[PDB]
Every structure is written in C-alpha cells, then in structure tokens.
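Below, each value reflects all heavy atoms present in this structure, side chains not excepted, and no hydrogens, waters or symmetry copies. Chain naming here is simple, since letters A, B, ... match the order of the sequence lines and numbering starts at 1 in each.
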Amino acid sequence: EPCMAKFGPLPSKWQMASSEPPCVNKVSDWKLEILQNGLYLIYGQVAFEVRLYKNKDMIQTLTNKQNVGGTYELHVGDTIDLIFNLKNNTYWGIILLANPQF
Amino acid sequence: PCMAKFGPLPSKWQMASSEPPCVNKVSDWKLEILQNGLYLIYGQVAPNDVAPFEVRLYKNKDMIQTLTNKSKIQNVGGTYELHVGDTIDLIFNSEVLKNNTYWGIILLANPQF
Amino acid sequence: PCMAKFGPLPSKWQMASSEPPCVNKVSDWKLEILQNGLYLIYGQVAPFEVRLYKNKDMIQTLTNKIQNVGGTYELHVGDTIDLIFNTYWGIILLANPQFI
C-alpha cells in the first residue's frame with residue numbers, strides 16, 4: 001500500500017497509511033501539506049459552491065447544490081485544501097503514484 | 001493488480017490478477033465488488049434520437065456519473081472508495097451508442113480506513 | 001515506472017525511463033504508445049479551447065469548465081495522444097494485464 005491519506009467523513013479525521021517516511025502532513029480539517037515531490041492522485045466525494053485548492057489556487061470548483069480531484073504533479077510545501085462557502089457524506093484523500101524527476 | 005474490463009462487445013467480462021479476487025461479474029455491464037479498496041474506474045462511451053441521450057454509471061442505486069452526451073466520445077469513471085457488496089454499472093437509456101464502448105476497473109490500494 | 005511529461009514550456013518532453021519503454025515522443029505535445037496497458041493521462045491547461053486526442057478521436061476538451069486534463073484509458077501499441085490548442089501533460093503506465 002502506497003503512501004496515502006484520507007480525511008473524513010466526520011468524525012473520522014485524518015487517516016494516514018504507509019506513513020514511513022511521510023509524503024503528506026495533515027494541517028487542519030480539510031488541509032494538508034506535501035512532504036514529498038511526486039505524482040499524486042487526489043480523490044473524494046462532496047455531499048453556493050465548493051472549491052479545491054492547491055495552495056493559492058482553485059484547481060476545482062463544484063457549483064451544483066459529485067466527484068473531486070484528479071491527477072497532479074506536486075512538490076514539497078504545496079498545501080491542498082478543500083474549502084466550503086452537509087459534511088458526513090464528504091471526504092477527500094490522496095495517493096502517491098510515483099516520483100519521477102521534475 | 002486486480003482488475004477488470006467489460007467490452008467492447010462481443011467481448012464480455014475479463015479479469016486480470018485474481019486470487020484473491022477483488023470483483024465478480026453480475027451481468028453485461030454490471031460488476032460486483034468483493035473487497036474494500038480504493039478503486040479507479042475507467043472506460044469510454046462511443047456515442048453513435050427517440051429517447052433522450054444518456055448513459056449513466058451507478059454505484060448501488062446512486063447515479064455517480066451522467067454522460068449526457070455531446071455525441072462525442074467521453075471518459076467513464078473516476079476514483080472511488082468501494083465496499084464489499086457494492087455494484088457498479090453502466091446504463092444506456094437505449095442501445096444509443098457504439099461498440100468502441102467499454103468500461104473497466106482497477107484496484108489501486110486497500111488501506112485500513 | 002514508465003512515464004513522460006511534456007510541458008510546461010520551455011520544458012518540452014521529459015520521460016522517466018522504464019524496463020522496456022512504454023512511450024515515445026513523436027514531436028511537441030504528441031506521443032506514441034509503444035505498449036498496451038492501462039494509462040493515466042494528466043496535466044493542467046493553466047490556473048479558447050484545448051483538446052486531448054487519442055488517434056483521430058477527441059477524448060477531452062477544456063474551455064472555461066473547471067480543470068486539469070486526462071483520465072484513464074486502455075491504450076494500444078501504435079496509438080497516439082496529443083494535446084492541441086486552437087500548461088503540461090503527462091502519461092503513467094498503471095498496469096498492463098494479459099488481456100491486451
């Protein structure tokens with residue numbers, strides 16, 4: 001099992017898996033930090049809008065009152081954030097596919 | 001890695017790295033999940049008009065992807081936590097669409113949570 | 001872990017290595033598939049119309065909804081993917097079971 005985290009749904013919080021050495025670092029409800037460079041699959045389920053942040057940037061927007069994430073290249077210190085404007089049919093996580101170069 | 005694939009027709013269900021098996025088929029287009037895991041679903045609808053145009057993807061009773069057409073070719077699936085006992089299926093409003101059309105599944109990971 | 005990435009410019013093709021090569025650069029934004037398997041294609045159109053193609057068929061188009069490109073497909077030897085504009089993308093080989 002690769003390095004992977006999930007957060008949610010409540011009141012389960014941040015579950016880590018193959019943590020040693022870490023690839024991700026929880027930092028809040030719905031926010032975590034990238035400890036290692038790589039290719040990451042982000043996923044989840046969101047049960048007026050939701051936005052998915054890679055640090056400063058809205059990489060998804062979920063503007064229906066659905067699935068979340070996709071695949072990205074990420075680097076030490078990138079934060080990923082799932083922001084809200086019914087939180088138990090809601091969760092996201094991330095799995096680390098590979099570490100190329102760049 | 002445990003995986004499967006339906007179609008495109010005349011091929012029916014095909015199964016890769018079993019033992020232990022992660023999924024089992026129900027009928028054409030419908031499969032069952034025999035274990036908990038993080039799964040990646042994929043495939044593609046080849047569009048090819050008396051009924052409205054639609055295909056949907058279900059987990060259990062929940063439509064989880066609606067592919068309301070652009071009668072172009074569109075990706076099926078996405079990433080999902082699935083449980084022993086779920087069933088995934090792909091439903092045609094009518095049979096319309098073509099047969100460069102298939103959908104398949106692969107189990108990425110099965111962690112405790 | 002067979003993979004490759006084209007942008008973002010002026011980086012061009014960037015390929016990690018691999019037991020046997022699963023992929024070969026054809027030219028900018030375009031690659032050819034050298035082995036059957038399941039692949040995950042990814043990228044970002046940059047935080048108009050962009051389009052992903054497998055051979056002659058268009059499999060995704062971006063145009064401000066909300067996105068990054070790609071998805072997961074079963075690709076075959078001799079297939080090609082490009083991205084056309086009218087930003088980077090990459091591919092990884094997830095698997096390649098005997099049923100291709």
Side-chain angles (χ1 to χ4, degrees), chain A residues 2 38-43 69-72 95-100, chain B residues 1-8 14 16-17 38-46 74-80 101-109, chain C residues 1-7 13-18 20-24 26-27 29-44 50-55 57-62 67-84 88-99:
Chain A
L39 212 226
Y40 278 103
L41 173 34
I42 295 172
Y43 73 91
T71 292
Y72 308 84
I95 176 156
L96 150 78
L97 302 179
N99 194 347
Chain B
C2 185
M3 48 180 286
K5 207 246 262 218
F6 192 93
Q14 304 152 262
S17 262
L38 176 79
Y39 286 88
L40 177 316
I41 290 172
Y42 68 99
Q44 106 183 177
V45 179
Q74 51 217 131
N75 193 47
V76 356
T79 285
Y80 300 97
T101 285
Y102 53 116
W103 68 272
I105 196 162
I106 189 164
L107 166 71
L108 298 182
Chain C
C2 198
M3 54 188 288
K5 178 176 145 165
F6 180 82
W13 276 109
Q14 259 197 279
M15 342 225 135
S17 315
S18 13
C22 76
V23 112
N24 194 4
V26 166
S27 84
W29 293 108
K30 184 188 200 217
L31 64 42
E32 188 195 351
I33 301 297
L34 309 171
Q35 55 139 177
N36 294 174
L38 211 205
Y39 292 76
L40 163 357
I41 291 167
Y42 60 101
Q44 274 190 275
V50 181
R51 46 239 264 245
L52 192 46
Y53 273 83
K54 166 196 143 102
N55 297 329
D57 303 315
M58 166 179 96
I59 63 179
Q60 193 210 0
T61 160
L62 295 213
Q67 283 321 141
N68 80 138
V69 313
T72 298
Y73 318 76
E74 189 209 5
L75 293 173
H76 298 335
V77 62
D79 280 346
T80 68
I81 290 96
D82 37 355
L83 217 239
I84 73 174
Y88 63 91
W89 70 277
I91 196 168
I92 359 87
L93 204 209
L94 289 194
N96 66 160
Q98 292 221 359
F99 62 84

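Taken from CD in C:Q98 to OG in B:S17, the straight-line distance is 9.5 Å, to the nearest 0.5 Å. With rounding to the nearest 0.5 Å, the separation of CD1 in C:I59 from NZ in C:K54 is 8.0 Å. To the nearest 0.5 Å, atoms CD1 (C:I81) and OH (C:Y53) are separated by 14.0 Å.
When every heavy atom of C:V23 is checked against every heavy atom of C:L34, the shortest pair comes out as O-CD1, 3.5 Å. Across all their heavy atoms, C:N36 and C:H76 have their closest contact at ND2-CA, 2.9 Å. Scanning both residues, C:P1 and C:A16, for their nearest heavy atoms gives O-CB, 4.0 Å. In terms of heavy atoms, C:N68 sits closest to C:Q60 at O-NE2, 3.5 Å. Of all heavy-atom pairs spanning C:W89 and C:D82, the tightest one is CZ2-CA, 4.3 Å. For the pair C:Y42 and C:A4, the tightest heavy-atom approach, listed with the atom from each and the gap, is OH-O, 3.9 Å.
Looking at heavy atoms from C-beta onward, C:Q14 lies out of side-chain contact with C:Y88 at the 4.5 angstrom threshold. Looking at C:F99 and B:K5, their side chains come closer than 4.5 Å, going by heavy atoms from C-beta outward. Looking at C:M3 and A:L97, their side chains never come closer than 4.5 Å, going by heavy atoms from C-beta outward. Taking the side chain as every heavy atom from C-beta outward, C:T80 and C:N55 approach each other to under 4.5 Å. Side-chain atoms of A:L41 and B:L38, non-hydrogen and from C-beta on, never get closer than 4.5 Å to each other. At a threshold of 4.5 Å between non-hydrogen side-chain atoms, the residues C:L52 and C:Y73 count as touching. A 4.5 Å side-chain heavy-atom check between A:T71 and C:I92 finds every atom pair outside the cut-off.
In this pair, C:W29 and C:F6 present their aromatic rings tilted. The plane angle is within the 30 to 60° band.
With B:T101 contributing its side chain and B:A46 its backbone, the two residues share a donor-acceptor pair below 3.5 Å.
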